[PDB]
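S.K.: can you look at this? It's an experimental structure, sequence on top.
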Amino acid sequence: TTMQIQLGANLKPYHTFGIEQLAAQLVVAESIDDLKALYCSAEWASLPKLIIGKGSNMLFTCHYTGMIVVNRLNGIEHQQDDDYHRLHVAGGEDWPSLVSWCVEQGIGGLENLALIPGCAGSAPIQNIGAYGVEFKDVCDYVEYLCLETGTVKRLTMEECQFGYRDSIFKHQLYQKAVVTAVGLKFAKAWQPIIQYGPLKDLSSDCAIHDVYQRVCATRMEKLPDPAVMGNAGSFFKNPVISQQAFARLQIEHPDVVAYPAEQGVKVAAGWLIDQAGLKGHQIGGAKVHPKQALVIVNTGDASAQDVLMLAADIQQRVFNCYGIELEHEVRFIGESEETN
Ligand SMILES: Cc1cc2nc3c(=O)[nH]c(=O)nc-3n(C[C@H](O)[C@H](O)[C@H](O)COP(=O)(O)OP(=O)(O)OC[C@H]3O[C@@H](n4cnc5c(N)ncnc54)[C@H](O)[C@@H]3O)c2cc1C
């Protein structure tokens, strides 16, 4: 009963905003061969296709008239050096589950990425990061179905061109590549990364588990669970501006919060939105969550239009207070593929 095409499928079960909407067609892929039949064959060559993991970084903005392809390729294989653990993770694997698995195996280095919703295959697309770690830091390689050849190719971590919330799959490989698996590499001499938020209370000889527990604890405290109130996480990226640009900003706003970046300064958008006095602001069913002001939440009856107008309102207010232009991180889906 696999590779059954669902016609007129409701999308709420398929993305974390949980907004009422449907897809002309939807199918669950479960193997490399399914993706190969779906993307590199005459059958279903008719429909535009959107590959999704958990839809935890997505907003459907109208009736989706293509075929949604739900990535559920499973498998975790493990091996180890004298020096490293290496995992080969199928792209459909659930990410919060994978980090819990590493932690329970005693595999150190993934724990700052605890509870980020999504599939392992989506992790490289926006180079997920939290608590001072990013996917590029643990990445050995990425494998993908090459839409031009119908064969699986491999990129080293270098060839992925990772940046803040960025990679080659949002550029050259955009719509040309379906990630089928991720190679993760972790030093056996584990080093806690412990400089962010409540991890600062930890000490540098703590255990993997200590770090993981703290991350889970804080996240479950600050971020709404989307099965309770729909959301897509931090709606905007932290804007990255020059040093000089930052110093200028900081003359009028000496209080402004910054995060490290190699090129220029990354400014905390949470802080910008909060000082702009936007916490709790609602349009229709969409609201700025007061405990983490980057997260637009669905209070129950949001439309995509609500979310989009609230985003526009925040962006407007932020640009006025600070002359800074926030860039949305959530992908906006139209009839077929992304818009604006
Ligand atoms: C409560 C919550 C907290 C969050 N916290 C964080 C955080 O701390 N850090 C962070 O970086 N993100 C965070 N996010 C955002 C999100 O979890 C990540 O962006 C995640 O990587 C998206 O995974 P997904 O499987 O849902 O991708 P989706 O939303 O399904 O898809 C995202 C994009 O990737 C493309 N895509 C999906 N799968 C493939 C594939 N196999 N091959 C090629 N392209 C693909 C899609 O077409 C779409 O363009 C959070 C989200 C939520 C809801």
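M.R.: It's in. Numbering: from 1, shown residues only.

S.K.: who in the stretch 151-300 of the chain is up against the ligand?
M.R.: By Cβ under 6 Å from any ligand atom, the residues of the stretch 151-300 of the chain that approach the ligand are 169, 177, 178, 179, 223, 226, 231, 232, 233. Every C-beta, even on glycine, is put in place using the N, C-alpha and C of the backbone.

S.K.: mind redoing it with 5 Å?
M.R.: Within the stretch 151-300 of the chain, the positions near the ligand by Cβ under 5 Å from any ligand atom are 178, 179, 223, 233.

S.K.: and the helix or strand harbouring the second one, which strands flank it?
M.R.: Read it as residue 179. Residue 179 is part of strand 177-187, with elements assigned from DSSP states H and E. Applying DSSP bridges, strand 177-187 is found paired with strand 84-90 (antiparallel), strand 139-146 (antiparallel).

S.K.: re the thing from before, wait, which of the residues of the stretch 151-300 of the chain next to the ligand is closest to residue 299?
M.R.: Using Cβ to Cβ, residue 223 comes nearest to residue 299 of those, at 15.3 Å.

S.K.: over to whatever residue of the chain ends up closest to the ligand: give its phi and psi.
M.R.: Nearest residue of the chain to the ligand: residue 53, at 2.1 Å (Cβ to the nearest ligand atom). Per-residue torsions, residue 53: phi -90, psi -100 (degrees, to the nearest 10).

S.K.: with the one 10 residues further on instead?
M.R.: Note on residue 63: its backbone torsions stand at phi -50, psi 120 [degrees, to the nearest 10].

S.K.: what segments of the stretch 51-200 of the chain are strands?
M.R.: Counting by DSSP state E, counting those that start in this stretch, the stretch 51-200 of the chain has strands at residues 58-60, 64-71, 76-80, 84-90, 129-130, 133-134, 139-146, 151-156, 177-187.

S.K.: can you put those strands in a markdown table and add mean neighbour count?
M.R.: As requested, the strands of the stretch 51-200 of the chain are exported to a markdown table (neighbours: other Cβ atoms under 10 Å):
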| stretch | mean neighbour count |
| --- | --- |
| strand 58-60 | 24 |
| strand 64-71 | 21 |
| strand 76-80 | 12 |
| strand 84-90 | 20 |
| strand 129-130 | 18 |
| strand 133-134 | 18 |
| strand 139-146 | 22 |
| strand 151-156 | 14 |
| strand 177-187 | 22 |
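
S.K.: can you put those in TSV and add distance to residue 15?
M.R.: Below are the strands of the stretch 51-200 of the chain laid out as TSV (distance: least, Cβ to Cβ, whole Å):
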stretch	distance to residue 15
strand 58-60	5
strand 64-71	10
strand 76-80	24
strand 84-90	21
strand 129-130	20
strand 133-134	23
strand 139-146	22
strand 151-156	27
strand 177-187	18
